[PDB]
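For reference, the structure discussed in these notes is given below.
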Amino acid sequence: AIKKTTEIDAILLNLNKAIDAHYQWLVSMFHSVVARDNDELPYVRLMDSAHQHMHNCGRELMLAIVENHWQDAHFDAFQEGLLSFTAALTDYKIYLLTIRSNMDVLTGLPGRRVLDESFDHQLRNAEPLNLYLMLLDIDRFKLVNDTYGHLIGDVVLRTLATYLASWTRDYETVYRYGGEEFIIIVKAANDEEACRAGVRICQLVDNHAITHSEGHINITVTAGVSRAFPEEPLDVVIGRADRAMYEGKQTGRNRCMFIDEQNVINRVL
Amino acid sequence: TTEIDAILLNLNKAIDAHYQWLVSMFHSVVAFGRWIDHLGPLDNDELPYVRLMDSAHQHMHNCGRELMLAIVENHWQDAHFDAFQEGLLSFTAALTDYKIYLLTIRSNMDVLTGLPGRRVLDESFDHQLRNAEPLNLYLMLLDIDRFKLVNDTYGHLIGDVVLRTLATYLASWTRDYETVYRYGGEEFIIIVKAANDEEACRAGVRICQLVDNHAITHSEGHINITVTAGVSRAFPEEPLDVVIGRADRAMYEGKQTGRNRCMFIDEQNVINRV
Ligand SMILES: Nc1nc2c(ncn2[C@@H]2O[C@@H]3COP(=O)(O)O[C@H]4[C@@H](O)[C@H](n5cnc6c(=O)[nH]c(N)nc65)O[C@@H]4COP(=O)(O)O[C@H]3[C@H]2O)c(=O)[nH]1
Ligand SMILES: Nc1nc2c(ncn2[C@@H]2O[C@H](CO[P@@](=O)(S)OP(=O)(O)OP(=O)(O)O)[C@@H](O)[C@H]2O)c(=O)[nH]1
Ligand SMILES: Nc1nc2c(ncn2[C@@H]2O[C@H](CO[P@@](=O)(S)OP(=O)(O)OP(=O)(O)O)[C@@H](O)[C@H]2O)c(=O)[nH]1
Ligand SMILES: [Mg+2]
Ligand SMILES: [Mg+2]
Ligand SMILES: [Zn+2]
Ligand SMILES: [Zn+2]
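In order, the protein sequences belong to chains B and A. In case it helps, the authors' numbering puts the first sequence at residues 1 to 36, 65 to 297. In case it helps, the authors' numbering puts the second sequence at residues 5 to 35, 54 to 296.
Here you go:
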């Protein structure tokens, strides 16, 4: 999808699980003889292809050994495919780690940098649908820090992060963009659909208090939604979404704003 | 960071190397050891992980030798393969443990700046306060002034450079024993150790000057910045959040009053500019 750091460790685990599993596999062959999204799609396709081929050599190798017409070529071919497999994983591994070295420690959401690097791609692959960026900024969060302390503030962010991650779809990623600032990349058919997604999240934030050791704390967020037109750079879009959000804060808070193609702002209902 | 990727590489190099090894044994029948000592005695944190896998590696090969000998001399048993596999998985466990440890320890280093992250400080603060004696400990919070403007003006890439640079400068301008942390997006913390509040404030105010007195170069020209800081004492047995909060209180008023200045909050919780 991805979001949430935990999701990545889960994979890397299963990658290392394959390494061990395929060691065992090789031992067995040796035993038996004696006894008589579009970003990460390429990496999986690659290793899937490698995996197949590896086993193919193993089968070919085994059959050749048994039927008494094996040749040094058969082992070298198997080893070629086996290292090709362990390459394919490694590539995938790295990619993940890199992408997810930029993962926010506090919340476990992806950081601005992840978005920066992936945005140009996400916009291109949005078609036929439209892409929208939703900026959320916690309302008077300083107060919350001033009132309860920073630890508590840290919890709110963790929680809010977790909630937002749960409330969003898989293909739509939630990013910790800033200190109190979040971005959700929404994909929809029209501006109205985007706004609905926007406005509903704001309600949910409002409608779900954040529990802590010492009790309960209610919050709300003012959001700014905007269209992402083809070939625009991220900074242009954010800026527009920021323009949207600011007016929302001017007008009362706890609300989702939207900035149209004409660069005119209107609150959503 | 770079130092770690170098290792992780060499760990994965062993996995491949030891696949080949196994293939050779299988081939021959049908017919790392050097790198470990070349790590250069590390510290007491990571010693156990290397000892562990070194031990595992040995044992693994031992089974392989025992296995091979048994196969050739015609007195091998299913036990021999299972024993070898036990040791082989024990080896791949030993690496994995080491791997994790590294990643974890090294996730908490800030990717962008290369300074330690908040989490490092969180975990080490209680310790740093205890070992401050006989000296006093102070926390210095720095927050770039109108950095949003800089992003809005030049873009985020440029903004990213400024932070990298500022980080680097601050690291150079601080003492070894006093650590600079990327606490937040535009927020830095320096843990100062001094004899009195005046000494701390001097350290504080001078850093702010340096930031002011050193423009940040980029591909397309030069960008000047400044920082408003907040310094505070750390009294024994206080938790970090209390101190930071106080240091934040100090900084905020500084921003209210004009910016590009170091503020200090006294034992009486009263703020004064340096
Ligand atoms: N004006 C001023 N600048 C300061 C002060 N403390 C640090 N700096 C600046 O920060 C740099 C880093 O100091 P270091 O990493 O402790 O590395 C230092 C430190 O280990 C040692 N050193 C320099 N001065 C002192 C000192 O007063 N006491 C001790 N114990 N060591 C010192 O020499 C190393 C190299 O120092 P530099 O090349 O000068 O580079 C210094 C200097 O440019 C200060 O109190 N006043
Ligand atoms: N504990 C904690 N505090 C943070 C963090 N990131 C940012 N903050 C603090 O949250 C505060 C947000 O300041 P704003 O005044 S801009 O936030 P508001 O919600 O009050 O702004 P708006 O009223 O919505 O315009 C700042 O003082 C930051 O130091 C964080 O990661 N952990
Ligand atoms: N390029 C880049 N920008 C960042 C980063 N971390 C935080 N920022 C931005 O820094 C900006 C600072 O906004 P503030 O208004 S809170 O900072 P100011 O300096 O304007 O606030 P003060 O006036 O100093 O209180 C925010 O818009 C953040 O998006 C970052 O890692 N890379
Ligand atoms: Mg806010
Ligand atoms: Mg600032
Ligand atoms: Zn398989
Ligand atoms: Zn070996």
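Built from N, CA and C at the ideal position, the CB exists for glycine as well.
{"Asked": "Interface residues of the segment 112-137 of chain B facing chain A [CB-CB below 7 angstroms]", "Found": "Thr114, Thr118, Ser129, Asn130, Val133"}
{"Asked": "Residues that residue 42/B contacts on chain A, provided the C-beta gap is smaller than 7 angstroms", "Found": "Since the model of chain B passes from 36 to 65 in one step, residue 42/B is not part of what is shown."}
{"Asked": "Residue-level contact to chain A via CB, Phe257/B, 9 angstroms cutoff", "Found": "no"}
{"Asked": "C-beta neighbour in chain A for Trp98/B, strict 9 angstroms", "Found": "yes"}
{"Asked": "Continuous alpha helix (DSSP H) stretch holding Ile127/A: start and end", "Found": "100-129"}
{"Asked": "Chain B residues whose Cβ lies nearer than 8 angstroms to that of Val33/A", "Found": "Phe30, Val33, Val34"}
{"Asked": "Proximal chain B residues relative to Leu110/A, where beta-carbon distance stays under 9 angstroms", "Found": "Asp20, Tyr23, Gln24, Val27"}
{"Asked": "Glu209/B - DSSP class collapsed to helix/strand/coil", "Found": "strand"}
{"Asked": "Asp263/B vs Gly177/A beta-carbon contact at 9 angstroms", "Found": "yes"}
{"Asked": "Inter-stretch contact at 8 angstroms, needing at least 3 Cβ pairs: the segment 242-253 of chain A / the segment 278-290 of chain A", "Found": "yes"}
{"Asked": "Three-way DSSP call (helix, strand, coil) for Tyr199/A in this model", "Found": "coil"}
{"Asked": "Residues in the segment 139-150 of chain B having any Cβ partner in chain A nearer than 9 angstroms", "Found": "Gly139, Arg140, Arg141, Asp144"}
{"Asked": "Spatially closest choice to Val233/A from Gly109/A, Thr187/A, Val142/A, by CA coordinates", "Found": "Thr187/A"}
{"Asked": "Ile166/A: CB within 8 angstroms of a non-hydrogen atom of ligand 5", "Found": "yes"}
{"Asked": "Chain B within 9 angstroms of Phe210/A, Cβ atoms only", "Found": "no"}
{"Asked": "is_contact[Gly276/B, chain A] using C-beta, thresh 9 angstroms", "Found": "no"}
{"Asked": "Status (buried if at least 16 other CB within 10 Å, exposed otherwise) for residue 38/A", "Found": "Placed between 35 and 54 in the numbering, residue 38/A has no coordinates, as chain A goes from one to the other without interruption by modelled residues."}
{"Asked": "Exposure label - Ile127/A; buried when at least 16 CB within 10 Å", "Found": "exposed"}
{"Asked": "DSSP state of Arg152/A mapped onto helix, strand, coil", "Found": "helix"}
{"Asked": "Boundaries of the alpha helix (DSSP H) in which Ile293/A is found, first to last residue", "Found": "Note, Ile293/A: premise wrong, no alpha helix (DSSP H); beta strand (DSSP E) at 293-295."}
{"Asked": "Bridge partner(s) assigned by DSSP for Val253/B", "Found": "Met162/B, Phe286/B"}
{"Asked": "Check: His31/A C-beta below 8 angstroms from any heavy atom of ligand 6", "Found": "no"}
{"Asked": "Any chain A beta carbon closer than 9 angstroms to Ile93/B", "Found": "yes"}
{"Asked": "Amino acids of chain B, ordered along the chain, whose beta-carbon sits closer than 8 angstroms to that of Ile166/A", "Found": "Correct list: empty, because the minimum Cβ distance to chain B is about 12 angstroms."}
{"Asked": "Neighbourhood of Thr201/B by C-beta, 6 angstroms cutoff - its chain only, sequence neighbours within 5 removed", "Found": "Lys3, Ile213"}
{"Asked": "Best match in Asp182/A, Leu61/A, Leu134/A for proximity to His240/A [C-alpha to C-alpha]", "Found": "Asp182/A"}
{"Asked": "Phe113/B to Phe169/A span [Cα, whole Å]", "Found": "47 angstroms"}
{"Asked": "Any chain A beta carbon closer than 9 angstroms to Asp263/B", "Found": "yes"}
{"Asked": "Three-pair Cβ contact test at 8 angstroms for the segment 89-100 of chain B versus the segment 132-148 of chain A", "Found": "no"}
{"Asked": "Closer than 9 angstroms to chain A by CB, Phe169/B", "Found": "no"}
{"Asked": "Within-9 angstroms CB hit, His178/B to chain A", "Found": "yes"}
{"Asked": "Opposing strand residues paired with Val214/B [DSSP bridges]", "Found": "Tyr160/B"}
{"Asked": "Anticipated Cβ contact below 8 angstroms, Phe30/A with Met29/B, distance rounded", "Found": "7 angstroms"}
{"Asked": "Contacting residues, own chain, Cβ-Cβ under 6 angstroms from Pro156/A (five flanking each side not counted)", "Found": "none"}
{"Asked": "Residue-level contact to chain A via CB, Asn16/B, 9 angstroms cutoff", "Found": "yes"}
{"Asked": "Own chain, CB closer than 7 angstroms to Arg268/A, minus 5 neighbours either side, in chain order", "Found": "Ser254, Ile287"}
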